[PDB]
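[1] experimental structure and sequence below, a few questions after.
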Amino acid sequence: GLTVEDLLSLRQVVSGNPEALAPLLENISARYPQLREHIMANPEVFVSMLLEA
Amino acid sequence: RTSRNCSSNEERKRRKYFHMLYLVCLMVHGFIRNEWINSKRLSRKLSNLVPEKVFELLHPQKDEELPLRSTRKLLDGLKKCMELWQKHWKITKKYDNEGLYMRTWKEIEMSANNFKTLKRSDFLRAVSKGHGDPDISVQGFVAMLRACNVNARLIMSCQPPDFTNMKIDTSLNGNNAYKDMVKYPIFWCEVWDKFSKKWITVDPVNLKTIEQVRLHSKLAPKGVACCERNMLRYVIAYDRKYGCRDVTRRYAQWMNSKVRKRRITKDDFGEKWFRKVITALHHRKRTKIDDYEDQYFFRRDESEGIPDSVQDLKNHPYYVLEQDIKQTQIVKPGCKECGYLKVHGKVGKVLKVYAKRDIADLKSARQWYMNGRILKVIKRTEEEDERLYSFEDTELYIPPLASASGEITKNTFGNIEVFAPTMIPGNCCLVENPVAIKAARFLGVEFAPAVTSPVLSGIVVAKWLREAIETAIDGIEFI
DNA sequence: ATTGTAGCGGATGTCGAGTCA
DNA sequence: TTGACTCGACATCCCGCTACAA
C-alpha cells in the first residue's frame, strides 16, 4: 500500500517525463522495501494501479 | 595483481530487481504514449497534412494478377508521407542528456544525487507545432499515419540498465559519445501490409529509411561503441487497438544465442514474469494477423541455426556443445549431433553441436523417489559408484490407501515421506504447519508425520478428518 | 548419574579480467 | 576484430553425535 503523493509523482513521470524516471525510481524503491517482492509476485496489479491514476 | 572489479551477489540480485522495475516502467510509458497517440482531437488536424493522392496511394485497390504491384504503390505513399513529415517537423532537438537510451548502473546510483511537467496536452501541442526531440517526432509520425486509418504500430526499444553487468566501476568512453548514442533510434514505426501480410519497418527521423526486415536490419546497432547506450533486448510493438507484442525475434540476428543471454527470459521465472506483463498490457484478443506473425517467428526461430562461435552455444535454448553435456545426462539412443561449429582461432578445430531435444536427463533411485516415482556408472563422494536411470524406466508410485480408522503407513522412524503430491495416499491429505503435528497428536486421531524436506513440516491424515484438523490448528493457542 | 542443551561441501556454474592466435 | 582460454572469487544445485550442566 502506497501513498498518494508518490503515486502522483509516478503517474506524472511515467506519462510525461520519462527522462527523469531514473532518479525517481531510485528514490521510491528505497522508500517501500516490500515493493520488491510485490513486483516479483504481482506486476499486473501495479500496472492497473498506474493506469487508473 | 587483482583490482577485482566485481560486486556481491547482494548487488547482483538488486540489479536484477531494478532491471525488472525499470523495464516495467518503460513498457507502461509506451502503453500510455500509445494512448496519447490514439487521441481523436489530434487525428482530425493531422488528416489535412495528407493530399488525397497520397491517401489513395496508402489504400491502393487490390491487384489480383500480381499483388506485388499494389505493395509497390503502397511503398511510394509511405515515402511521400515520410517526406512531408520531414517538412512538418521543423525544429528537431537533441535528447536532453541521454534521452531514453540505456543508463549505466553507476549513472543510476549517481542520478539520485542530482524536469518540465509535460502531460498530454503538452505532447499534443508539441506534435501539432512540430517541436521536439526525435522520440516525439516519431511518435507524431505514427499519430499521423493513424489519423489516416492505417494499422500503424509504435515500436519502442526499451533500454533499462544491464542486469548482467557484474562490474563495480562501469565507465564509458567519451569519444563521439552522443553521435554514437544517436546513431540508431530508440522509437520507430511498424506498418501492416495486407497484400504481403507482413510488418514493414519505418524510421522516419533518425536513419530515415524504410525496410522489410528479413534476417538483417539497418536499425539494429552494430560494432561495440554504438551498442553501449543502445543494447537491443526488448523491442515492444503497440498497435491501434492496444495490442502489446514482443517482436525481438524480428530484429535479432542471433536471438536464441546472443540476445537470449541479455533478457530476463533466460530462466523460467523470467519467461513467466514477462508473459504476465504482456498479458497485463494486451487488452485486445488474438487476430489472424497474430498467426501470420507467429508463423514468421517460428520460421525465423528454425532458420537461426548453430551460431558461428562457441560463446553463443553457452546456455542456448536448442543447442549444446558435446563438452557441456552434464555428467548426469545422456544422448537419446540413435540420435546424434545436429550441427558443427568451426572454432574461431584454431585451424580445423571443430565442435559437435547437439539439439537439446535429443538430450535425456537421468536421476538416481533416491532422486526419483523424491519426485514420487519408483523403478519398474559414475563416481560419487566415501568412494562409491552411482547408477543413474532415465524417466521412462520409472512409473508413478501409488502409496497404499489409509485404513477405515484412518491409519497411515509409516517408515522406520514413524513418519511418512511426502516429497511430492503423488506420494500422498489417494484418500489422504498433507497439512503442512508447525503445529499440525501438535494438533493431530492432541486429537489423538490416526495420522503420520510428513517429511517434506528429518524436517517434520506437517501431517498426513485421512480426508474424512480434514475439516477437524483445520479447526484444531486454528485453535492451537488453547491446547 | 541423566536429560536437556549446545557444537562440528563437492561437483559445477557464473562472470570479470587478462592473455593468446 | 573477434573469439578461445585460463584464472579468481564468489554462488547454486544436489546430496547428528560428542560432550557438558544443573
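    Okay, I see it. Numbers count the residues shown, from 1 in each chain, chains lettered A, B, ... in the order given.
[2] which residues does residue B:374 contact?
    With contact set as C-beta atoms under 8 Å, 6 or more residues apart in numbering or on different chains, residue B:374 has these partners: B:368, B:394, B:395, B:397. C-beta: built from backbone N, CA, C; applies to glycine.
[3] doesn't it belong to a strand?
    Yes - judged by DSSP: H, G, I helix; E, B strand; the rest coil, residue B:374 forms part of a strand.
[4] quick one on the thing from earlier: now restrict the contacts of residue B:374 to buried residues only.
    B:368, B:394 (16 or more other C-beta atoms under 10 Å in any protein chain shown).
[5] now the contacts of residue B:374 in TSV, please, with extra columns for secondary structure and distance to residue B:9.
    Formatted as TSV, the contacts of residue B:374 follow (DSSP: H, G, I helix; E, B strand; the rest coil; distance: C-beta to C-beta, whole Å):
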residue	secondary structure	distance to residue B:9
B:368	helix	32
B:394	strand	36
B:395	strand	40
B:397	coil	37
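[6] what's the most distant pair in the contacts of residue B:374?
    B:368 and B:395 (9.8 Å; C-beta to C-beta).
[7] which neighbours do those two share?
    B:374, B:375.
[8] in chain B, which residue is most central in space?
    A centroid search over chain B (C-alpha atoms, centre = their mean) returns residue B:265, at 3.9 Å, as the residue closest to the centre.
[9] for it, which residues are in contact?
    Residue B:265 touches B:271, B:274, counting by C-beta under 8 Å, 6+ apart.
[10] nearest to residue B:334 among the contacts of residue B:374?
    Using C-beta to C-beta, these come closest to residue B:334 at residue B:394, 21.0 Å.
[11] what is the neighbour count of the closest residue to the closest one other than its chain neighbours?
    Computed as C-beta to C-beta, 6 or more residues apart in numbering or on different chains, the closest residue to residue B:394 that is not its neighbour in sequence is residue B:373, at 4.4 Å. Residue B:373 has 21 neighbours, counted by other C-beta atoms under 10 Å in any protein chain shown.
[12] same check on residue B:25?
    22.
[13] does it sit in a helix, a strand or a coil?
    helix.
[14] contact residues of chain A facing chain B?
    Counting by C-beta under 8 Å from any C-beta of the partner chain, chain A comes close to chain B at A:12-23, A:25-27, A:29, A:36, A:39-40, A:43-44, A:46-48, A:50-51.
[15] let's see it at 6 Å
    Neighbours of chain B within chain A, by C-beta under 6 Å from any C-beta of the partner chain: A:14-23, A:26, A:36, A:43-44, A:47, A:50.
[16] the closest residue to residue B:379 other than its chain neighbours: how many residues sit nearby?
    Excluding the flanking residues, the one nearest residue B:379 by C-beta to C-beta, 6+ apart is residue B:385, at 6.6 Å. Neighbourhood size, residue B:385 [other C-beta under 10 Å]: 8.
[17] might one say that residue B:385 is in contact with residue B:364?
    No - at 11.2 Å, residue B:385 and residue B:364 do not qualify as touching, with contact defined as C-beta atoms under 6 Å.
[18] about what we covered before: and of the contacts of residue B:374, the nearest to chain A?
    Within the contacts of residue B:374, distances to chain A taken as C-beta to the nearest C-beta reach their minimum at residue B:368, with 31.1 Å.
[19] the closest one contacts residue B:394, correct?
    Yes - assessed by C-beta under 6 Å, residue B:368 is found in contact with residue B:394 at 5.3 Å.
[20] right, and chain B sits closest to which residue of chain A?
    Distances between chain A and chain B by C-beta to the nearest C-beta are smallest at residue A:16, namely 2.9 Å.
[21] who in the stretch 301-450 of chain B is up against DNA strand C?
    B:314, B:315, B:324, B:326, B:327, B:345, B:381 (C-beta under 7 Å from any atom of the strand).
[22] what's the closest of these to DNA strand C?
    Distances from DNA strand C to those, taken as C-beta to the nearest atom of the strand, are shortest for residue B:327 (3.4 Å).
[23] the residue lying closest to that closest one once chain neighbours are set aside: what secondary structure?
    Spatial nearest neighbour of residue B:327, excluding adjacent residues (C-beta to C-beta, 6+ apart): residue B:378 at 6.2 Å. What three-state DSSP gives for residue B:378 is coil.
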